[PDB]
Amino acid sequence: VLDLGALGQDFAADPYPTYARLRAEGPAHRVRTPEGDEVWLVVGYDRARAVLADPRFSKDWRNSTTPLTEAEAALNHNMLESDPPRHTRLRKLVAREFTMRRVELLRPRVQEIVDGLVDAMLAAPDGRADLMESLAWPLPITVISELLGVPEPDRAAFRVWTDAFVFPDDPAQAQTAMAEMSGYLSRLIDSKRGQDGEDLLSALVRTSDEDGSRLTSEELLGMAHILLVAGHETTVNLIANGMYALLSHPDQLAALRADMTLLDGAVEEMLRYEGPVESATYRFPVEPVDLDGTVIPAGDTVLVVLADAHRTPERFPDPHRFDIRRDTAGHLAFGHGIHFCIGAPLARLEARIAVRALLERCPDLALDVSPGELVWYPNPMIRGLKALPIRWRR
């Protein structure tokens, strides 16, 4: 068993080599996460892709031998942690709210939000700021919060809770954060009841109250939680990671600035090259599964290392090169199969508007920190930065 925690920040900063060595030996490996969790890592583009859509790997905890704490159990009734027929019903309930068609209608508002955030950031007295604090975090939380009716003054709280989840300074920290959030969400849900809010949460509350068969009280909390959390944490990191890749690759940045029609393709490469989801969410084999000779017992935790699939030479030639014009068709940054990120259209909209706004309004935009000064999350599931200092005055 490889102890990833023993590799320290060197692993967090650059985990790809480790993932590659493992892929060379086999598709599945038992590892010890920095958090102390003993789990399985599935590496290799082909294998990764197959497992993601393989019904033998359930996402329903009833098939997991790992116990759910009280706090975790309260939020566990969501589409992501479910298999059909439950998953099918939960997702269909809100699928229409997130199609590209619907999401496109949000462009004017997303533009407003970005414009305002950029206006505030560029007013910095010394032409310096942290992109994470000034844009990466604020944008996604604002968008999903307006959709789900989370009052603006309560938004800063999710960042605190997210930090407690991502890089918990203590196991209990994560749990306390989950209980707080769960309580906040239940109260918010309550405050919506009876009122005629036009936001999605209010709509969901109504649906739940009118027909508990379509959405039980527990599935209601589960939905509020997954949509709000998955609704911004990864987007925040895509924006920061992507802008970091771009600004740290002079020729790619110059290429994009020279032909902004390459913007959409650049965002795709950011997803492929430095996607926010290093490893997919927990999967549990219903029955023992044999992967090219290795047998993962039923009930064990399995993480499909998307980060490694994206560095597989066979699918992405010269994988370590950040190439905005590269062919990225079929990458797994948004997953694969029935769980394919329901927020992909929205994420792409947010990321594209943010990156375009920074380039078009900040011609002298540059990094204001050195690689060694950057702090990456050790969690094998999250690829992200603690902060991203930038400047725009040469």
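Quick note: we count residues from 1 along the sequence shown, nothing fancier.
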The stretch whose C-alpha atoms carry the larger average B-factor in the entry, 176 to 184 or 230 to 238, is 176 to 184
Stretch with higher mean Cα temperature factor, 66 to 74 vs 324 to 332, is 66 to 74
For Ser202, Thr88, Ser279, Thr162, the deposited C-alpha B-factor is largest at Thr162
Of the residues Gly265, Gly212, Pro153, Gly275, the one whose Cα carries the largest B-factor in the deposited record is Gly212
Entry-reported C-alpha B-factor of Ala258 relative to its chain, by third, is middle
For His225, the third of its chain by CA B-factor is the lowest
Chain thirds by Cα B factor, record data; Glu112 belongs to the middle
Entry-reported C-alpha B-factor of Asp318 relative to its chain, by third, is highest
Sorting the chain's modelled residues by C-alpha B-factor and splitting them into thirds places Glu81 in the middle
